[PDB]
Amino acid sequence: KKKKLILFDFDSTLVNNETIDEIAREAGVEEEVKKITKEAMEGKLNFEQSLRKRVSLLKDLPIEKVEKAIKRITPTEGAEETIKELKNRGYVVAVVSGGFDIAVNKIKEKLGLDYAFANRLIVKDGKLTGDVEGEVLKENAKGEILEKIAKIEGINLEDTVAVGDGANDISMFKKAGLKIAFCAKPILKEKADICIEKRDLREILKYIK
């Protein structure tokens, strides 16, 4: 009857991988970038500064190496089954990520998602420039996007569900009707209505609808 909306974070939630850490491996700086990613997700760094710092380390990386990394990204256990059941229960399904469109768009197309929002790696002459731009950078960014999607769809915020795992999902939780922390960092678990620790997205279904 009443339309419903579910938003998923991308890295480590809808997919197994951390996009930026996989690209960093191709640039020879996996260790270094992984450390910053962990600190950012734990809430110990400002997200935007942490993302720009990581992307700066990727300066000059060829697009072919970026694509090699992205091709390794795989959906989390239970992703397809969960998305299918959500659509059957009447949900609009969206993904919001502080990651990158070049990676997120592939999964949007593969999984048939209704909406996908992510940042953008800047490229020139077939190589990363070391810069990033986008609308999923500020602390309140994901929550603002949740509100925008719900408004387009005419969905009351009480009929929204957010599934997240890192510090940058806090604003998404703030605006959501039901807050699910999926194998998440402490800072987000403290804000959650439900904390799931089994790494299988199907585990959220019992709490849905």
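Heads up: residue numbers just count along the shown sequence, starting at 1.
Here 4-12 and 199-207 are compared by their mean Cα B-factor, and 199-207 comes out higher.
Stretches 128-136 and 77-85 differ in mean C-alpha B factor, with the higher average recorded for 77-85. Within the group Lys53, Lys142, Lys179, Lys44, the record's highest C-alpha temperature factor is found at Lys44.
Between the residues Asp169, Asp159, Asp60, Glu48, it is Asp60 that shows the highest Cα B-factor in the PDB record. Ranked within its chain, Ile149 lands in the lowest third, by CA B factor from the PDB record. Annotation for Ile122: C-alpha temperature factor in the middle third relative to the rest of the modelled chain, per the entry. When all modelled residues of the chain are sorted by CA temperature factor, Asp101 is found within the lowest third. Sorting the modelled residues of the chain by their CA temperature factor places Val66 in the middle third. Per the deposited record, the Cα B-factor of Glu190 falls in the highest third when ranked against the other modelled residues of its chain.
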